[PDB]
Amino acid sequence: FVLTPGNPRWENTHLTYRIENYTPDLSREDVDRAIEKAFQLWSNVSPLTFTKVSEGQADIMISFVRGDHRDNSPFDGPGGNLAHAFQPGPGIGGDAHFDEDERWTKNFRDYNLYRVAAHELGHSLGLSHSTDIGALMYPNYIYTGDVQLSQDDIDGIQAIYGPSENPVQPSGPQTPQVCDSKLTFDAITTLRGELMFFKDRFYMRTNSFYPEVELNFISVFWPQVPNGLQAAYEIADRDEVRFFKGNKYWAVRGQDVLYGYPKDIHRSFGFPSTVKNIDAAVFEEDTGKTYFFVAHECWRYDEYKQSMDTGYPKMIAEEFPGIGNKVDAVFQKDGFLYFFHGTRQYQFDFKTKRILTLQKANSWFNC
């Protein structure tokens, strides 16, 4: 997070605000909620309260404009520059203007008003752009399926107005820290010569030649793929990748999900009803079998046929010796299998059934 230079903050924490004019793109009530919801998220985590008015001045005047509207910052027409706001102060301070040449929407479609309103307000309250890719106060429009504050937006505003507003103190999603040594993973698949590490809403891409990891949203990379992946594996020859969440899985062939693919793990793979979700999975390309890890059970699956090999709910402890009782994520690189659990990973030699080395979870991260 970054606080605006000179530290402009509203001297009282309760403010008025007023929607001077409405966009013909949305009904009045729809424009009425994009705004209060935008205001709402800054309240939930600090002591700011807000009263909407319909006459006279208010601290935060909100207008839909376009082109030159006389404030030494004219808009640019359709796209590009969407909106802007002014830091705490009298007159124009706190004011937010949105570009009417934009199609203001109520869904994922280009230029969700709610998404833009939450950005501009953090300004109106004293905040500047965050370098955090997941923060709503990042500088560019990236819509992700909802509009929620990450931990960064929260620390920025509480750094000006202190905490509160849900005295069961609020927590917001923290964007993954690549070199933070307490970092653990949800899933990991090797993917066409690179490694795709998954965590919450984020993917950490690396390996093939990267001067550092690339952090960004799962949803900016792929269409259907959920957040909170549980396992993700790859089948190279079928130029294919699979993702798992709860009892469902999506298969993807380069850039998009295969025909009618969010499907069932129980129907497609043959799992007991007790199997409410999986923990990791790896296509062992030598033997042509995928291993699914469920708590402390390793299932082997004849990929080429769907033949769950003879019974197979086995003890990981007897199958893959020395790694433990559970797995976080696993992949196969250079022939080895990299088994993850917490912050430690084990280099396993599948052929001699013995751990060769123990390394950190972050070793591939150029840290």
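Just count from 1 along the sequence shown to find any residue number.
Stretches 120 to 128 and 280 to 288 differ in mean C-alpha B factor, with the higher average recorded for 280 to 288. With 7 to 15 and 20 to 28 compared on mean CA B-factor from the PDB entry, the stretch scoring higher is 7 to 15.
Each of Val257, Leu215, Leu149, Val220 has a CA temperature factor in the record; the biggest one is found at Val257. Which of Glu297, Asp155, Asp76, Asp200 has the largest Cα B-factor in the deposited entry comes down to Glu297. When the modelled residues of the chain are ordered by C-alpha B-factor, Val275 sits in the highest third.
Per the deposited record, the Cα B-factor of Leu48 falls in the lowest third when ranked against the other modelled residues of its chain.
For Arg103, the recorded CA temperature factor ranks within the lowest third of the chain's modelled residues.
In this PDB entry, the Cα temperature factor of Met61 sits in the bottom third of its chain's modelled residues, the lowest group.
Among the modelled residues of the chain, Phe340 sits in the lowest third by CA temperature factor in this PDB entry.
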